[PDB]
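K.L.:
Please see the structure below; I have some questions.
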Amino acid sequence: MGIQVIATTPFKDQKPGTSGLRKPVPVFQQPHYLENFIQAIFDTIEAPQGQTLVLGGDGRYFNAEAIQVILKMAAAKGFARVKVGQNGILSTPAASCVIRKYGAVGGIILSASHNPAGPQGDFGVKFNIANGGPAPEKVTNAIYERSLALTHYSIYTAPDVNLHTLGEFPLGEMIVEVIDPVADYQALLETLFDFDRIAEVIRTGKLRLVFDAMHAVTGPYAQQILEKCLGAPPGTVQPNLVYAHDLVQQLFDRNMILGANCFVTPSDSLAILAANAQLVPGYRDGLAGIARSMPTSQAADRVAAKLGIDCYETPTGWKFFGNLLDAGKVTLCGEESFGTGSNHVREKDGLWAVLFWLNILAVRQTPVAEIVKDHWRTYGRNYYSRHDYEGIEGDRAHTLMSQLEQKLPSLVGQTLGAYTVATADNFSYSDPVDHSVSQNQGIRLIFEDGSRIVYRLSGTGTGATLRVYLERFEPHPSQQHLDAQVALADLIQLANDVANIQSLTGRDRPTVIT
């Protein structure tokens, strides 16, 4: 029936934030809510005349209706083409791959699972730009501001386009191209790893399967790549997990793939992958550099040192990896409690790590627990845990950080118990490419032995959450198999005393311990 203007009135918090806009499903279902936000996104694209927009999601209730509205508004925008997943399915690494391959203007990912942290049951709309990665803050603020001042939006009224079978289909002047959700992405992964040799180590079935991000071993992408392509037994893809550190403590007929999966923390997994990267096709020539978010443990640092490559320390976010990967300063990167990835895409990638690991296991022909034990043997172990103090009263948390910041200059050089202070600062990051400076990114106590304490404040705007990161470095192999909270007891006592956590927040116990 054609292009129409639809009058609308603004909504209140269409402010995206880190992983795009996340709200309960009834909130996105409000009349014109999705349309307002999607109009705000499209209003940041100035010359859509010949461009392509990537669109997909994860199945979840409401995705189907949303994908139809987005398609219809894209048609009204004037995009040449929308590459949309079969049945509206596209993972975040896939969309990043697809955007990058075909030079698309950007994408819209309908997911709230790539990032597990968040109220479960929420609906999410993520906007990725031309480089294949998340939209920078300058762009998400732009969207939020537009969402507050819009009087109308444009949409192409027409009946829904079927996405069950592949092909090109007309919608206005626009092409709706339905793509195999996995083909391009599996291709990229095949350029990175020896799929043949990963099939073998699955065949023999004597080793466990290792992963470092939640949900990496679930869903259609794991199913098609691990099960139908690489020959993993049915049932391998959905606790069903054992922790790598448990298997290392234990060190002191049936297939193992199909059994439990070994979880390695992103902090340690990033170090190990970087240490064994030259065993796989995708990184034979070596790494350009490593990057990690500041609170991620220093495990990868010690590998970069011995390798002779630089290691960048960025503020929390897969945001800041983008400029370093594009510039070629960095090949591998990871984020504590989120996962790992490389420059093959611009987002965290859970299968990419699972396959990486499977390819490491096939070449070195040895179980995970022993690989980890060797890594610690060679580089030392970076004992690492986070303590979360959730829902601190607003400005009590800000008094804590303020009092601590004041004390930091006099901390330098002093010896507190067993730990001598080498650096006590407020983290700031100056981008080696943008020259954009980020400030107040957290308080660091860095000790001369390699150990570390870090304080950050989260959820400012909401209660606030105090996150305390505890890192003890242990070079002695005889000391590398303790319980993390036992190993970290002395650092935990120090972190609490110097910041006066109990005195200024009234909390005797972390809300969460990881």
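K.L.:
Give the peptides 408-418, 345-355 in descending order of average Cβ contacts within 10 Å, highest first.
P.N.:
My ranking of the peptides, most packed first, is 345-355, 408-418.
K.L.:
With each label point set 7 Å from Cα along the Cα-Cβ vector, what nm distance links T378 and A183?
P.N.:
The answer from the label model is 4.0 nm.
K.L.:
Place a +1 charge on the Cβ of each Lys and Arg in segment 133-290 and a -1 charge on the Cβ of each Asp and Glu, then give the dipole magnitude about the Cα centre in debye, rounded to the nearest 20.
P.N.:
The calculated dipole for segment 133-290 is roughly 500 debye.
K.L.:
Here's another thing I want to ask about it. According to the square roots a ≥ b ≥ c of the eigenvalues of the Cα gyration tensor, what is the shape class of segment 39-191, taking rounded for a/c under 1.5, prolate for a/b larger than b/c otherwise, and oblate for the remainder?
P.N.:
rounded
K.L.:
Right, next: Between segment 328-348 and segment 227-243, what is the C-alpha centre distance in whole Å?
P.N.:
24
K.L.:
Place a +1 charge on the Cβ of each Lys and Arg in the chain and a -1 charge on the Cβ of each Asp and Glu, then give the dipole magnitude about the Cα centre in debye, rounded to the nearest 20.
P.N.:
That gives the chain a dipole magnitude of about 200 debye.
K.L.:
Would you list which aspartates and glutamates come within 14 Å of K373, measuring only between C-alpha atoms, while excluding same-chain residues fewer than 8 positions from it?
P.N.:
Filter leaves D246, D268, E474.
K.L.:
Please report the antiparallel percentage of the DSSP beta bridges confined to the chain, to the nearest 5.
P.N.:
In the chain, approximately 65 percent of DSSP beta bridges are antiparallel ones.
K.L.:
Further question: Suppose the Debye formula is applied to equal point scatterers at every Cα of segment 231-335; what is log10 I(q)/I(0) at q = 0.17 Å⁻¹?
P.N.:
-0.89
K.L.:
Beyond 30 Å between alpha-carbons counts as too far, so tell me which of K138/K348; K12/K126; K83/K348; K329/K407; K77/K126 fall in that bin.
P.N.:
Over 30 Å apart, Cα to Cα: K329/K407.
K.L.:
Another question, then. Measuring from a point 7 Å past the Cα of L166 along Cα-to-C-beta, which residues in segment 76-96 have an amide N at less than 13 Å?
P.N.:
Inside the label zone: 84-87.
K.L.:
What is the magnitude of the charge dipole of segment 266-342 about its Cα centre, with +1 placed on the Cβ of each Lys and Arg, -1 on the Cβ of each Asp and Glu, and no other charges, expressed in debye to the nearest 20?
P.N.:
The dipole magnitude comes to about 120 debye.
K.L.:
Between segment 256-295 and segment 165-180, what is the C-alpha centre distance in whole Å?
P.N.:
38
K.L.:
Continuing with the same structure: Convex hull over the Cα atoms of the chain, averaged projected area in nm²?
P.N.:
The directionally averaged projection comes out at 24.4 nm².
K.L.:
Sticking with this structure for a sec: How would you order 444-451, 501-508 from highest to lowest mean count of nearby Cβ atoms within 10 Å?
P.N.:
Ranked by mean Cβ neighbours within 10 Å, highest first: 444-451, 501-508.
K.L.:
Among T465, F338, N63, whose Cα sits farthest toward the positive end of the charge dipole of the chain (+1 at Cβ of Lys/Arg, -1 at Cβ of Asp/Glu, about the Cα centre)?
P.N.:
Farthest along the dipole direction, towards plus: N63.
K.L.:
What is the packing order of peptides 267-273, 3-9, 204-210, 319-325, taking the mean over residues of other C-beta atoms within 10 Å and listing the highest first?
P.N.:
267-273, 319-325, 204-210, 3-9
K.L.:
Using helices alone, what [θ] at 222 nm do you get for the chain, with -39,500 (n - 2.57) per DSSP H run of 4 or more residues, divided over all residues and rounded to the nearest 500?
P.N.:
Value at 222 nm, helices only, nearest 500: -9500 deg cm²/dmol.
K.L.:
Would you work out if segment 391-446 is rounded, prolate or oblate? Take a ≥ b ≥ c from the square roots of the eigenvalues of the alpha-carbon gyration tensor; rounded if a/c is under 1.5, else prolate when a/b is larger than b/c, oblate otherwise.
P.N.:
oblate
K.L.:
Okay, moving on. Can you give the Kirkwood hydrodynamic radius for segment 325-396, in Å, rounded to one decimal and based on Cα pairs?
P.N.:
15.4
K.L.:
Could you tell me which residue out of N162, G132, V178 lies farthest along the dipole of segment 129-221 toward its positive end? Charges go on the beta carbon: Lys and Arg +1, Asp and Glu -1, centred on the Cα centre.
P.N.:
Of the candidates, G132 comes out farthest on the positive side.
All Cβ positions, even for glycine, are placed from backbone atoms using ideal geometry, and neighbour counts span all protein chains on display. We did not get these values from a lab; they are worked out from the coordinates using the rules stated.
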